[PDB]
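The chain below stands alone and is given as structure tokens, in the form deposited in one PDB entry.
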């Protein structure tokens, strides 16, 4: 039809590849994903159509609210007697006359009550019912839901900053008249034995092709559950490098019914010089998406070895054949039994679990030998009920001894009372024993749900089991707010890389959330799109992007405009660092301006939503305000008009830095973690203001960075006006009089925050042109080069002078750092978990759990709350 050809052209553009390419994919898993996912699409579209046009508006302009209606004591103390001063704006007559109406209302007022008082005031000013809506002046953020006004982020931030909220009164019908009438059309592509095998596992390594030039070679193999070998690893015999034929059977110490559901064969082609080196690697799921055990002849195309890979194998690495068929190819053979072997149904596993529990009960009583894994009922003293609890309080990095595993497993039934112990109990399971796993499955099936920040721990590479992953996703489904999902979205997108298959519970959850909240969908699209260059994820992320773009609605036209802008900016920056590298800034800006006159560029670089914050419209390009930045990778400082009617009340112009060359992933994460640290400190009632400015990776070392207006480096302040006293006097000048005290206070609070944040995270060498200051005293670090490898931010005399060593002001400052450091130590498991979820991401500063172990050192986790306070006190003394 006509509507479907337009859709697939638009979807093709958004993803980067035509939809017809997915149809040419002969693999039932890909075609089943494409068809079976469409129910998540259906459900989301139905929810948007439920209370139309309201429910559709809530999809496009979801409330930007905090997770709790409750405000900290320090925030409520900023409200004059628990009341807020709000300015409500009305656009009057054809002459678009802006008319303000100031209210002093209860902070906990619902938008329909704030609208009511506004109408009351508007009537009085001379001496209407629920047909109106509130909007933030200067951006596309609406107050469409019944939340207390103070819960909306813009408002809470206003109370925080001491700024006055500026809202615009709009008619519901003016907003609904803007939302287009969509239509979700159905695509064209849509329309045995078990545990009865009494045998051990063996895999034949037939031969290798596309392996030749540069002593001897062998194939290394292992059977893995996550990054854990389910048995000892087996090698083929060494062979001459040009002639790679083995035709050897490799025998493993695992019996076929003992294979867990998420069992993988991990393999690599290694060289010998002696000095062993992996040449290529590949991993295969022992069971397909249909639960069918792999049988017969199979060929696998291997992958290039990742930079900084420790062992000869890559178990954490992606499953499946390399799509480039002109790569080292390894031919393998698996045993073929009676028919097609399928992993048992849940009821079959239930019977074996009820059987194993009974034959375990009878087993000993009647054994004769000893066992630390046999669950002894009633025999649980108060001293070992204290041992289990203390075990559950250990961080995810801390080792669980073999004796501790036998202890947790024999106590598997009491553990259900301390539900947060589950990650440790799951690690204690002998995943090579089907008897234990059937019993663990039953325990999980009825386990109490746990806090989302604890459930995310079950979503890294240590937990491959589909039931454990299903449990985690199930906890997220019930307890994860849209605020918290948005906050942890980059880690939840990364962990899709640890998923054995295309179709899973996590992919279904995230997609439903993306197709029912456009703010989640925007970043869900961008985090997936930004990795479409990685051949390891292209198909998975591509297929998920196709199913997203098919059901997102009119936002695909908006995302397509964003994709066109970014593409033209890459084209432009490619030519400036290649063809015109040694040309003058004047000659290069002349090329840009000549290229700007071309109609396809005029359209693409204006009239689109900001990919950093889609609530921001980018109008006309103010070329006179633009520039090629003097940095090596040629960043573009870009300036657009904010076409909002009330642009003046937020920012008249939007300024974004476009950069092609630098990998922005490390910045993206450090900035997120800074935002989480600041949100922790705020919840704990200590206002240590941070600046987690926007930074978004849009592809292969390409991205957008938010410009912070009215900011200058420490160096620049020292320069104009060697010298080490200028800092205080500059701030004294920029904030003269009564205003000064608030600026000194804003400098200290911000400074304490970054001292602790940089120390905990181990941020790269801090200098005069890495740290910045705003006219009001707000201090913030930039350029997050390398993390987790020590005191980087050395508090010089400059910073100390502004604060006030032997003062009431510096004692106040030390107390700010102590309170902040202790607050992050209490939340250490969360940070550990976020960094762990990021091991899938090819970040060279985060390749192994060893890199994450640095936070355990800086947060003194193996010590005590007092021994840690002493550890940080000592580290901060070493200037």
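Definition used throughout: the rigid core is the maximal C-alpha set that superposes within 1.5 Å between two forms. Numbering follows the first chain given and starts at 1. Shifts are known only where both forms have a C-alpha.
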item	value
Residue 140 dropped from a third or more of the other entries of this protein	no
Check: residue 374 without coordinates in a third or more of other entries	yes
Residue 789 to residue 790: deposited residues without atomic coordinates	10 or more
Sequence continuity check, residue 127 and residue 128 (deposited residues unmodelled)	10 or more
Of 806-814 and 60-68, the stretch whose C-alpha atoms average the higher B-factor in the entry	806-814
Between 650-658 and 746-754 (mean CA B-factor, as deposited), the higher	746-754
Highest-ranked of 171, 604, 309, 234 once sorted by CA temperature factor in the record	309
Selection by C-alpha B-factor (highest) of 271, 290, 642, 177	177
Cα B factor band for residue 851 (lowest, middle or highest third within the chain)	highest
Relative C-alpha B-factor of residue 845, binned into the chain's lowest, middle or highest third	highest
Third of chain Cα B-factors occupied by residue 20	highest
For residue 764, the third of its chain into which the C-alpha B factor falls	highest
Cα B factor band for residue 353 (lowest, middle or highest third within the chain)	highest
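A second form of this protein, the form deposited with a small molecule bound, is not displayed here; the remarks below concern that form.
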{"item": "Position in contact with the small molecule when the complex is considered in the bound PDB entry, options 411, 513, 659, 749, heavy atoms within 4.5 Å", "value": "659"}
{"item": "Of 590, 627, 732, 172, the one that lies within 4.5 Å of the small molecule in the bound PDB entry (heavy atoms)", "value": "627"}
{"item": "Which of 370-378, 244-252, 704-712, 553-561 sits within 4.5 Å of the small molecule in the bound PDB entry, heavy atom basis", "value": "704-712"}
{"item": "Contact label in the bound PDB entry: residue 637 to the small molecule, heavy atom within 4.5 Å", "value": "yes"}
{"item": "In the bound PDB entry, residue 393 touching the small molecule (heavy atom, 4.5 Å)", "value": "no"}
{"item": "In the bound PDB entry, residue 631 touching the small molecule (heavy atom, 4.5 Å)", "value": "yes"}
{"item": "Any non-hydrogen atom of residue 693 within 4.5 angstroms of the small molecule in the bound PDB entry", "value": "yes"}
{"item": "Answer among 185, 251, 199, 631 for the CA shift between the shown form and the other one that reaches 2 Å or more, rigid core superposed", "value": "631"}
{"item": "Large Cα move at residue 368 between the shown form and the other one, threshold 2 Å, rigid core", "value": "yes"}
{"item": "Exceeds or equals 2 Å, Cα of residue 597 between the shown form and the other one, core fit", "value": "yes"}
{"item": "Residue 398 C-alpha moves between the shown form and the other one by 2 Å or more, core aligned", "value": "no"}
{"item": "Structural rearrangement between the shown form and the other one, runs of 3 or more with C-alpha shift of 2 angstroms or more, core superposed", "value": "366-370, 582-600, 630-634"}
